[PDB]
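Shown next as structure tokens: one chain only, the form deposited in one PDB entry.
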């Protein structure tokens, strides 16, 4: 089947390439989710910032199906995001200190563990940035991208990741396809 960026479950102004793995931002923060979400286990996917011109930003992470598409990821209770500028973490529109910022060429890793103890861990070029969210809301989580203005990112669900985290057990998001 394959795990791709969602065909309809997307903000209509986002530039999504025909392969449905590269997305270009347009104006105000708008979301796109992946075609598959997860409800249990440990899963992983990578996002590569292909191009981040001046005054452009990305908030990347996991979203439940009800998260607002016309808002940034992490705007409501359905998404937790990692912001490119200052490495801020956002859930319910509250930004807290998390890590250093990520820019153009950086490869970001998104880890989620949903046991049958829940955690979200962000990665910068394979290095653990720390637990960002613990004991999260129960539901299906889909890999999600929110972009502010014309920046380009490319999503990689697996099976091969460029920077596999050291000593971390997970399944690639491509296993859902």
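Residue numbers count along the first chain shown, from 1.
This next part talks about the form solved in complex with a partner chain, which is not shown.
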Closest heavy atom of residue 57 to the partner chain in the entry with it bound, within 4.5 Å or not? yes
Partner proximity in the entry with it bound: residue 45 to the partner chain, non-hydrogen atom cutoff 4.5 Å: no
Are any of the heavy atoms in residue 142 no more than 4.5 Å from a heavy atom of the partner chain in the entry with it bound? no
